[PDB]
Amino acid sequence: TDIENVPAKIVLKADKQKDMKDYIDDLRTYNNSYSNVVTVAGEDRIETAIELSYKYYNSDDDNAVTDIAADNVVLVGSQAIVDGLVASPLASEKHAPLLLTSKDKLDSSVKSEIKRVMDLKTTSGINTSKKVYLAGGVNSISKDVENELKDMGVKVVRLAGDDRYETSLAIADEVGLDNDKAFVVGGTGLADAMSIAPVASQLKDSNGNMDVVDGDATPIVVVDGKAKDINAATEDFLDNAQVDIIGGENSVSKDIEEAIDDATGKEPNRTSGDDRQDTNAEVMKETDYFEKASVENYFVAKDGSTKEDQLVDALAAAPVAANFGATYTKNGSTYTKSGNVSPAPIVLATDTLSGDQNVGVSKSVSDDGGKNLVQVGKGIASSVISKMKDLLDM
């Protein structure tokens, strides 16, 4: 603002140097707290994904992920976390939002949001770079949604198989194993996969550095961990890539782990806790994912303790958290970024916050404190939000 437009002129008087410095420090704390502790929610899960897309994609927000028209969009069924479980790294690599629709009808709110993010306008045409991906079979997203999108005049690509295991492979094949690295989760590990979605969605060049312009995502593959081996299709995909398993032995057993060791020729790593919230905390504690005392931004979503389908909130927010701090833009025919990237994890908690998670946040947060705290969706108790604010010095 210009001095001719400022609302007030504050004059601070003090006797001693200490009492003045302590006032400024407290002023800094509350100024950052009231500004950057936000809640992006809306009335239902479908509105929640729209709220995230409107704020962070093709937007003039100070912390938007992109401020230019998006070319791709990822669609997931609102009650099909099983199908679109690994859809987050795809959205992030394609520079696209992840939205939710109803299984039967294409909701009008989603219709409008797709037009806004893609910059579809009756005065101009849809060119050949405008694609919409569907994650799930016809029992996840019906043919009606597929054909109504085709009547709009955009490209539609359904990524699906005969079951969740085939479907995950279709999506992961689309992401690409460009850096010889993949993540593996169990068929029952819904929250476990959700804790690694923000990490997988990070964009890194071939030397493992953050790069939102040229980097690639890390695919996630779902396997049946109640078998003695892995099937051929899965084995064909993984090839010779370093594997990280997310979950305990009761989700991915030791014999599947050994199977991946022999098929790949590389000992698989594993991050796991005692329950959903402990595994969430362990991801924060792993230095390969979030280096110690260097995280500034944090996301919070529900853990799905009461109903598993509520994990979709984190599903839509994971691509945003992986690219927070930078903004994707153009300057002519050249794509570039604006700012610097500082990825954020997603803390999973509905009613209470486990002590494991408290250690996770305290280790990861930088010594200067937290910069941004985002609450995704409604239903989260304010107890955990105040506890997170205290942990972040906010």
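Numbering starts at 1 and follows the sequence shown.
The mean C-alpha temperature factor is higher for 189 to 197 when 189 to 197 and 241 to 249 are set side by side. With 352 to 360 and 365 to 373 compared on mean CA B-factor from the PDB entry, the stretch scoring higher is 352 to 360. You'll see in the entry that, of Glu258, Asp224, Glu235, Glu282, the Cα B factor peaks at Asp224. In the PDB entry, the Cα temperature factor peaks, among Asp262, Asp163, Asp216, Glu148, at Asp163. Among all modelled residues in its chain, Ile380 ranks in the middle third by Cα B-factor. Remark: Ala41 belongs to the middle third of its chain, ranked by C-alpha B-factor as recorded. Annotation for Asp390: CA B-factor lies in the lowest third of the chain's modelled residues. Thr29: CA B factor in the middle third of modelled residues in this chain (values from the PDB entry). In the PDB entry, a CA B factor belonging to the highest third of its chain's modelled residues is recorded for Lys330.
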